[PDB]
Amino acid sequence: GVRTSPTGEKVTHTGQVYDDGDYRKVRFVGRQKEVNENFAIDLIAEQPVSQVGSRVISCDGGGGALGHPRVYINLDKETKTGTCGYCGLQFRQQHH
Amino acid sequence: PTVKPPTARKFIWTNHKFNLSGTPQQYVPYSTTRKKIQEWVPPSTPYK
Amino acid sequence: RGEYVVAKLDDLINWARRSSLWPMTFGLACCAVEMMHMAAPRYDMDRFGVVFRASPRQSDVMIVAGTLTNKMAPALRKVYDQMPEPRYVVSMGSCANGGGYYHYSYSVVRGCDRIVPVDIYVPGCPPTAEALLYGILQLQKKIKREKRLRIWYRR
Amino acid sequence: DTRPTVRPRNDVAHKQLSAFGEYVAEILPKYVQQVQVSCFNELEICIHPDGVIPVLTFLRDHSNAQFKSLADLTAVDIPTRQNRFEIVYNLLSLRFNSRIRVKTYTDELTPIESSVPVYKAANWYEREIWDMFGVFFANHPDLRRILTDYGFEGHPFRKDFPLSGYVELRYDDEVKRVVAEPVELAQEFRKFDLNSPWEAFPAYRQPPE
Amino acid sequence: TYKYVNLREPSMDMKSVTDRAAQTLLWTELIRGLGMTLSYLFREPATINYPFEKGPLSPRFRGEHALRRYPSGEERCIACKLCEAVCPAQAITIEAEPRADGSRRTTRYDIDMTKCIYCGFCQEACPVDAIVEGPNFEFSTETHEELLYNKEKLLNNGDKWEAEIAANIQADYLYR
Amino acid sequence: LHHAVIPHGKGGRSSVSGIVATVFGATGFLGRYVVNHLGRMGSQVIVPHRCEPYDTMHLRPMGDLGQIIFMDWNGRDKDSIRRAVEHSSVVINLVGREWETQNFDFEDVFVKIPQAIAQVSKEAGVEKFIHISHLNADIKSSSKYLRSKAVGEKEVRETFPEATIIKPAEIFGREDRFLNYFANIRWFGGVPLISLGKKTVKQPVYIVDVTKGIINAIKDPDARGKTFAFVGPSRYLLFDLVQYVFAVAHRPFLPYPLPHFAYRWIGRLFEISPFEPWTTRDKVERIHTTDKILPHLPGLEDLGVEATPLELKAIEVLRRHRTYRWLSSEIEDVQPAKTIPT
Amino acid sequence: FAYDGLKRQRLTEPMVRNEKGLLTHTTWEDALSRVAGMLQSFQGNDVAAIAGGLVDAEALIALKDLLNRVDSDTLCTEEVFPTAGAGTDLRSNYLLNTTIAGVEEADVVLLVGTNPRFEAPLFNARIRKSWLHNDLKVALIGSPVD
Amino acid sequence: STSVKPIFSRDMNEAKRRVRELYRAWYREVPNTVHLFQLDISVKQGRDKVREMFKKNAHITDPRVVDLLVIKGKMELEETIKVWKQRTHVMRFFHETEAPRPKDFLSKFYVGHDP
Ligand SMILES: COC1=C(OC)C(=O)C(C/C=C(\C)CC/C=C(/C)CC/C=C(/C)CC/C=C(/C)CC/C=C(/C)CC/C=C(/C)CC/C=C(/C)CC/C=C(/C)CC/C=C(\C)CCC=C(C)C)=C(C)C1=O
Ligand SMILES: CCCCCCCCCCCCCCCCCC(=O)OC[C@H](COP(=O)([O-])OCC[N+](C)(C)C)OC(=O)CCCCCCCCCCCCCCCCC
Ligand SMILES: CCCCCCCCCCCCCCCCCC(=O)OC[C@H](COP(=O)(O)OCCN)OC(=O)CCCCCCCCCCCCCCCCC
Ligand SMILES: NC(=O)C1=CN([C@@H]2O[C@H](COP(=O)(O)OP(=O)(O)OC[C@H]3O[C@@H](n4cnc5c(N)ncnc54)[C@H](OP(=O)(O)O)[C@@H]3O)[C@@H](O)[C@H]2O)C=CC1
Ligand SMILES: CCCCCCCCCCCC(=O)OC[C@H](COP(=O)(O)OCC[N+](C)(C)C)OC(=O)CCCCCCCCCCC
Ligand code: SF4
Ligand code: SF4
Ligand code: SF4
Ligand SMILES: [Zn+2]
């Protein structure tokens with residue numbers, strides 16, 4: 001999420017911000033600091049975990065050829081959910 | 001768009017902004033990476 | 001009131017300058033081809049009042065359309081200097097903006113802004129004839145917001 | 001030659017060029033050092049630097065050559081060779097609808113005779129070679145820089161000349177003119193090591209050192 | 001096969017000589033040139049009323065760059081650096097690190113729009129349709145610095161033009 | 001700052017000098033040279049301007065991308081002063097007018113504005129402050145310009161005790177109003193000089209020398225709290241100087257004396273101009289004010305600058321004042337003017 | 001993997017003690033002037049130097065020459081080595097004379113008071129290779145380390 | 001081995017003649033150059049610069065290298081006489097905008113890492 005540093009400058013999704021003594025803050029005087037307010041780390045975390053019945057599931061990102069290369073995710077571990085290395089969607093095997 | 005509207009996404013801007021160059025809303029480039037080398041901070045108490 | 005009058009006089013000279021822009025006949029590389037198409041019938045820059053004239057002494061705008069090399073850089077500064085004021089520079093294309101495809105060449109100037117001041121930067125390689133025309137109409141709006149006389153009135 | 005993706009061979013032209021390569025080497029043994037024909041049917045004659053005027057004159061005037069057009073003339077810089085420069089002449093024959101390549105060599109200090117007497121087209125190609133490589137052509141009608149800026153020092157197309165050079169230009173308001181200063185780059189050119197550590201073409205494997 | 005363009009012998013009969021005499025003295029072939037420009041004066045001009053009308057474009061148009069997201073809001077870019085390796089102008093600078101959730105993501109994604117040659121090689125090489133050239137071309141600026149796009153500026157462009165960008169990829173991805 | 005900006009590079013356009021400088025009055029004669037030198041070595045320059053942005057265009061090519069930053073400011077608005085100095089390490093005040101307007105007078109320009117800048121600079125945490133006074137600034141001066149210079153000089157020395165005060169002589173250069181001023185008197189036929197210009201002594205200093213002294217005062221820690229007098233290497237009578245200006249410009253020199261009171265009446269006549277006045281009463285007083293000799297103050301030689309003689313650079317300034325017949329005349333064609341022995 | 005330690009706790013500016021007794025940043029001119037003032041005021045045994053573990057030969061000789069300009073010979077190291085007998089007069093006294101590649105030719109190796117697995121990981125790997133391929137006989141006098 | 005094709009001069013004695021001939025051409029040209037280009041330098045500064053350029057290569061003993069230097073020098077002279085060069089090209093020999101870089105070890109030490 002977008003949060004402001006004590007001096008008031010916004011912090012980007014990469015965690016970048018200028019210190020209170022950094023002369024480079026002069027570039028924002030009379031202008032604005034461009035910051036994207038839709039942090040991708042928050043939005044992916046809002047997606048529900050998909051329940052599946054097989055030990056191995058495939059993700060192409062949705063949209064077929066408009067997604068990402070099809071990869072196969074192993075769901076044998078019960079402690080954690082299998083995560084797509086491309087798009088971050090999580091899958092869990094039904095009742096292990 | 002009135003006959004075939006665009007797909008709806010919750011991250012698409014609801015309000016369109018025209019070219020903002022020359023105004024206070026213009027874009028100012030900056031580096032989006034954090035500092036790389038951390039300097040040593042001397043102790044704040046005299047050794048003596 | 002005096003502030004009202006200088007405001008209206010400012011609106012008059014600003015109008016006259018943005019409605020009668022005369023670019024210098026000056027093109028360097030491929031970007032000048034796209035500048036020709038802005039004079040071609042489809043876009044017809046002449047209908048906005050924009051007329052090319054070859055003499056730098058009768059030009060109001062310099063469009064740096066193409067690559068600027070070290071050999072040509074003294075020539076560019078000379079023709080820019082020989083332009084009576086007020087004079088505006090429009091930088092067209094990646095080469096004239098920051099070197100473009102030839103940024104790392106021994107013989108290329110990394111941006112025309114190292115040689116002359118630049119008022120509008122038009123991106124592209126080349127910018128379409130309609131993208132250069134956007135920069136010209138963006139230059140006209142810049143001239144429309146000048147406050148030469150108002151700033152004089154309160155000196 | 002029925003394979004869709006492979007380039008078909010023209011073995012009729014390969015024999016003809018090989019036959020004519022021997023023909024030239026038989027007539028000019030004083031200068032011809034090596035003849036070869038590539039797999040895409042391009043004949044190359046490699047000569048001693050002294051044979052530039054005799055070889056090209058024969059190839060332009062002999063009734064069985066008639067190479068009346070100088071397609072191009074250029075140099076290649078190979079630092080590892082004792083003679084680092086390789087002068088390449090690409091000739092075209094309109095009479096016989098054929099092409100031939102004549103190659104010689106030189107170094108930083110050895111001149112090569114100018115071929116303007118043989119081909120008027122070589123006037124500017126030799127200026128470009130001198131300007132971009134520093135190879136001097138003797139008896140050239142007027143030899144000087146053609147592409148580089150006035151007063152430019154060095155030869156850009158040498159392999160040891162840096163890509164961005166040594167100097168760059170800006171405008172200085174104190175002296176009211178364009179000045180030249182040592183090159184500083186806001187972003188350094190990023191060198192990519194693209195070569196794969198696995199051999200690609202066994203046919204060209206050089207004998208082990 | 002060849003043809004001659006200017007190998008013709010004029011007739012020498014008295015009627016042909018007089019015809020050429022009338023052309024010389026009465027400027028007939030110059031009057032004919034006037035008639036061609038008079039015809040254009042009465043044709044409709046080809047000018048369009050910009051900016052109220054726009055020149056036609058196609059879904060393949062290569063305009064301003066943008067970074068896209070998946071429908072869930074996650075960034076498509078996974079810091080592979082194929083765009084950086086193929087960019088002919090070296091206009092792309094990328095840095096990456098594991099994100100707080102362990103995802104392969106970028107911390108720097110800069111495009112110097114003054115080095116870029118708007119060739120589209122980056123969107124060809126992207127295996128996840130992350131970096132695209134959008135349909136926008138009206139983004140001139142009053143200063144040089146505004147053309148040095150960073151990651152925040154590129155994500156804002158993607159979020160602004162996604163509605164149009166998605167429809168153009170839908171119209172052209174079968175040709176790719 | 002304990003760990004200030006660390007310099008990097010070889011002192012070029014893309015290097016970092018570690019100098020973040022706010023230059024008030026950068027859009028004038030002395031400003032363009034200072035900004036050029038700062039930006040020539042890779043320095044962050046903030047340029048607050050009161051003029052139209054079109055009037056700041058010649059400063060843009062003076063620095064790499066993002067190194068020259070422009071802001072609006074008002075001399076009577078402390079908030080706008082604080083915006084433009086709150087991030088800087090050095091502040092250079094080059095604000096001045098040679099004439100009084102309807103809105104600003106010598107007191108407002110040379111006393112109130114410098115004090116406000118210094119006061120805000122101290123509160124903002126700036127460490128180095130460079131202030132440009134005049135050599136002939138004394139409280140007992142007939143020139144109201146030179147009286148305000150004296151008052152402003154002491155106000156700055158109190159508000160910013162560690163400030164560096166520079167007192168130049170009449171600076172000359174391409175855009176100066178000193179040699180151009182004399183060469184432009186040809187429009188009126190003859191040159192009127194009080195006492196025929198033989199009772200006044202001038203010690204003009206070259207613009208680049210003043211600029212390099214200002215830059216060297218930023219880098220030298222020994223200039224904190226000092227007051228420097230920047231003067232040229234040679235002293236001239238007003239007559240011999242003006243005679244030299246007309247000799248280099250190759251134009252007829254027809255001087256005549258004019259009483260002081262009459263010369264002030266001429267100055268009053270030309271003050272009515274609602275634009276940049278050609279001359280004023282104050283300009284006549286400064287022109288005929290003998291340049292002070294202040295051996296107790298450090299000068300250019302201390303900061304490390306070799307003062308450039310007026311004879312090596314007058315042609316660079318005065319060549320454009322020649323006609324076509326004399327444009328090509330070389331530098332070694334006018335013998336140097338008589339110099340008052342040291 | 002220890003290279004990442006080169007990005008933390010780095011000394012980047014000269015420092016000196018101020019009135020309060022705290023280290024504060026200063027210029028190179030100021031720092032070398034203080035050290036030069038004291039070095040001029042002392043000589044002989046009053047000046048000594050200690051060299052750490054990561055110091056290079058070029059710096060070692062420059063400091064030795066500098067301290068010899070004040071007639072000092074107290075150039076020490078943190079690592080002890082006996083000076084009894086030949087001391088450091090003969091190189092063979094303080095070297096691995098068989099060479100790392102010579103372990104492959106030895107047939108008996110005696111390790112005295114050393115845990116080579118951690119003191120020299122690559123030297124220990126060389127011993128294991130000789131152990132595996134040359135049937136080396138290894139004996140150790142010291143703590144029974146793995 | 002050691003037998004090479006010459007360019008213009010067969011020995012240093014012959015080569016030095018071409019050096020002197022070139023020097024006399026440059027020496028006579030400076031007054032014209034300082035006049036046509038309207039340089040703000042003196043004829044003495046220009047002729048000092050020519051001398052500085054010649055003494056920069058006084059250690060050469062290979063006649064061929066000397067021949068190329070004269071060849072390059074004559075190209076420079078031709079560019080200046082015909083005014084192919086501009087005022088900017090003729091003033092690049094004086095480096096007026098380059099701040100004097102340090103020469104002694106201490107000054108180089110303070111500013112950076114370069115030798
Ligand atoms: C392909 O390879 C390449 C080239 O190869 C071609 C190149 O070339 C180049 C180099 C390129 C360039 C230098 C730029 C090229 C760009 C172009 C647009 C050229 C292409 C072709 C054209 C035909 C463009 C325009 C030229 C013409 C001839 C069009 C004719 C129409 C016009 C409107 C021109 C002028 C005409 C008229 C009738 C006069 C208008 C002029 C005025 C000044 C306006 C009126 C004048 C006044 C003085 C004001 C009026 C009122 C007054 C004076 C006051 C009266 C009232 C009172 C009260 C006093 C490159 C790089 C290249 O790669
Ligand atoms: C029966 C009794 C015996 C006597 C009877 C005689 C009756 C006939 C009288 C002679 C008729 C002569 C007609 C005039 C000829 C003059 C022209 C000429 O010399 O031609 C040769 C000239 C030159 O022709 P040439 O270039 O081919 O060379 C001729 C000579 N040789 C071939 C040997 C080299 O033609 C021109 O003048 C070219 C015109 C220049 C372009 C002008 C633009 C065209 C404009 C067209 C519109 C004109 C509108 C005019 C009306 C305006 C109304 C106000
Ligand atoms: C019929 C039209 C009457 C109305 C025209 C009014 C305009 C007059 C101006 C134009 C000149 C046309 C008048 C000249 C006679 C034309 C008729 C004619 O010549 O007879 C036709 C006959 C057929 O020609 P043919 O045999 O095919 O080849 C020529 C071989 N001598 O040709 C001949 O063989 C006869 C001999 C031809 C040579 C005679 C000399 C002709 C050239 C003299 C200059 C004529 C123009 C003088 C007036 C100039 C002013 C306009
Ligand atoms: N002959 C000389 O040059 C001398 C110079 N000095 C002093 O050096 C300083 C620099 O002057 P100089 O460069 O030579 O000549 P300039 O008059 O050209 O410089 C004046 C600068 O100060 C600004 N200025 C003037 N009044 C105001 C105001 N009310 N508010 C805001 N800015 C103002 C101007 O901005 P803007 O243009 O937008 O109004 C301009 O940038 C002056 O203080 C001068 O007294 C001392 C000795 C000799
Ligand atoms: C042939 C002889 C020529 C004479 C000179 C003519 C040019 C100068 C005149 C200026 C007079 C003056 O004073 O106007 C100025 C006054 C206010 O003065 P201020 O603010 O005290 O100025 C003090 C100096 N500042 C301003 C630098 C601080 O503004 C006005 O109310 C109107 C100003 C605009 C001019 C109005 C005329 C409109 C004409 C329209 C034509 C189409
Ligand atoms: S920016 Fe593109 S189109 Fe324009 S000159 Fe450069 S390469 Fe050609
Ligand atoms: S469009 Fe081409 S030049 Fe521009 S960033 Fe992409 S790959 Fe690089
Ligand atoms: S934009 Fe695409 S090609 Fe470029 S780094 Fe990201 S995923 Fe790879
Ligand atoms: Zn996925």
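Protein chains get the first letters and strands the later ones, always in sequence-line order, with residue 1 at the start of each. Excluded from the calculations below are hydrogen atoms, water molecules and symmetry mates; all remaining heavy atoms, backbone and side chain alike, are included.
- Within the 4.5 angstrom heavy-atom criterion, atoms from both the backbone and the side chain of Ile117(E) approach chain C.
- With chain E as partner, the option from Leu132(C), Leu133(C), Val118(C), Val90(C) having the largest number of non-hydrogen pairs under 4.5 angstrom is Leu133(C).
- Interface check for chain C: of the options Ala46(E), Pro45(E), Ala89(E), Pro51(E), the most heavy-atom pairs under 4.5 Å are formed by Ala46(E).
- For a residue to count as touching a neighbouring chain, one of its non-hydrogen atoms must lie under 4.5 Å from one of that chain's; by this rule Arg110(C) does not touch chain E.
- The contact between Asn49(E) and chain C is made by backbone and side chain atoms together, counting heavy-atom distances below 4.5 Å.
- Ranked by heavy-atom pairs under 4.5 Å with chain C, the first of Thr114(E), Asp112(E), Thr143(E) is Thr114(E).
- Contact tally against chain C (heavy-atom pairs below 4.5 Å) for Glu64(E), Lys115(E), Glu53(E), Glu146(E): the top residue is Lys115(E).
- Under a cutoff of 6.0 Å and an axis angle of 45°, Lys8(C) and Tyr4(C) form a cation-pi pair.
- Only the side chain of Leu137(C) has a heavy atom closer than 4.5 Å to any heavy atom of chain E.
- Checked against the 6.0 Å centroid threshold, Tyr104(C) and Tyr106(C) do not count as a close aromatic pair.
- In summary, the side chains of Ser55(C) and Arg57(C) do not present any donor paired with an acceptor at a separation below 3.5 Å, with no hydrogens or angles considered.
- For the residue pair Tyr121(C) / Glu142(E), no side-chain donor-acceptor distance below 3.5 Å is found, with atom types taken as modelled.
- Residue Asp119(C) touches chain E through its backbone alone, counting heavy-atom pairs closer than 4.5 Å.
- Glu75(E) pairs in a side-chain hydrogen bond (donor to acceptor under 3.5 Å, both in side chains) with only one of the listed residues (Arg105(E), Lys151(E), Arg69(E), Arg68(E)), which is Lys151(E).
- Residues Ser107(C) and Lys71(C) bring no donor and acceptor atom of their side chains to less than 3.5 Å of each other.
- Aromatic ring orientation, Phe61(E) versus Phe137(E): perpendicular (interplanar angle above 60°, classes split at 30° and 60°).
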